[PDB]
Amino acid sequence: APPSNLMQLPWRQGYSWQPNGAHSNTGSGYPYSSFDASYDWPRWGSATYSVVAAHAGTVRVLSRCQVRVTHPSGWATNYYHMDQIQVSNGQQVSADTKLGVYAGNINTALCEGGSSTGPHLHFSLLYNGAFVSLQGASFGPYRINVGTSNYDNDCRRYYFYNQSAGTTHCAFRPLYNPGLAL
């Protein structure tokens, strides 16, 4: 309810990135708290783009590739495979405040160890410090609908519904960010 807890998509207002299918933070668990996004889903070494806060709150920097933003209500968002982090621990931000970019290379994207296909943001929803399901969560005019397995991207099950337009938006297609809803 708090406007400052209202969420937008985690890239700049006025811009469009391609989401993949919802999944858990680990990629093999439950609930489906996360989706990935990238402008073009390119190979390592390509240009990458600005990640922004989905909502207002307190920044905590967990490594050079991971950032958390926590709203006073207890809702929070996690941002992973980051680079060029331009916020500090304890810093106050609002929706659309730039946090950094998603990392363009293996070394920078996987600063904590592990695997990935190529440059993208790994974005997650939390409440009370725990990862929670994205099901029914709103980002601007979009209501997210979660699929039936990790990374499920079949548009009959996984999609964003735009309440301002009556349109359904699928994985691996540009998703426009109009910012916060009134």
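Residue indices: 1-based, along the sequence shown.
The question of which stretch, 125-133 or 45-53, has the higher mean Cα B factor is settled in favour of 125-133. Comparing 86-94 with 72-80, the stretch with the higher mean C-alpha B-factor in the PDB entry is 86-94.
Looking at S116, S138, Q66, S33, the one whose CA carries the top B-factor in the deposited record is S116. Per the deposited record, the Cα B-factor of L180 falls in the highest third when ranked against the other modelled residues of its chain. Annotation for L99: C-alpha temperature factor in the lowest third relative to the rest of the modelled chain, per the entry. The entry lists a Cα temperature factor for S28 that places it in the highest third of the chain's modelled residues. In this PDB entry, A37 carries a Cα temperature factor that places it within the lowest third of its chain's modelled residues.
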